[PDB]
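For reference, the structure discussed in these notes is given below.
Laboratory data are not the source of any read-out in this text; all were calculated from the coordinates shown. Cβ sites come from the backbone with ideal geometry, for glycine too, and all protein chains shown count toward neighbours.
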Amino acid sequence: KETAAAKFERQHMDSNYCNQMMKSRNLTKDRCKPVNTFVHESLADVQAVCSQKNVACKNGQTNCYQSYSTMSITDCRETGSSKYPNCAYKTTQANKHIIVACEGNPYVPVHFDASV
């Protein structure tokens with residue numbers, strides 16, 4: 001069973017698209033997840049953000065880090081009409097800075113806090 005770091009990778013890493021990938025990565029096989037972001041950068045370059053700019057997370061904890069550069073991301077957002085089993089997503093591609101919460105040793109991303 002998955003570690004938090006493994007779950008982050010299955011849910012967000014990817015070095016219509018959103019309906020296909022959300023199903024493939026087991027996000028919408030048994031529920032419709034409202035939002036999810038996929039990052040199209042190498043895993044090592046996303047893991048490298050845990051030593052970049054320290055910032056407060058949305059919740060006030062301080063183990064969040066913002067990437068110095070923008071990264072290629074796809075945002076998947078459920079339509080207003082979506083209902084399990086027929087989940088449906090609006091796909092938006094963008095190049096944005098990512099903010100991840102990091103934990104562990106090695107200190108690696110375990111939550112996607114935001115893109116900016």
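Brief remarks follow.
- Counting only DSSP beta bridges whose two residues both lie in the chain, roughly 95 percent are antiparallel.
- The chain - convex hull of the alpha-carbon atoms, volume per residue in Å³: 109
- Segment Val55..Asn95, full-extension length gain: 12.4 nm, with 0.36 nm per residue of separation and the alpha-carbon distance subtracted.
- Counting only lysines at least 8 places from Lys53 when in the same chain, those with an alpha carbon closer than 19 Å to its own are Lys96.
- Assuming charge only on the beta carbon of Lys and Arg (+1) and of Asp and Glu (-1), the dipole of the range 1-90 about its Cα centre is about 400 debye to the nearest 20.
- Across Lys29/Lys90; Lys7/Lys29; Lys1/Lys29, pairs whose alpha-carbon gap is larger than 20 Å: none
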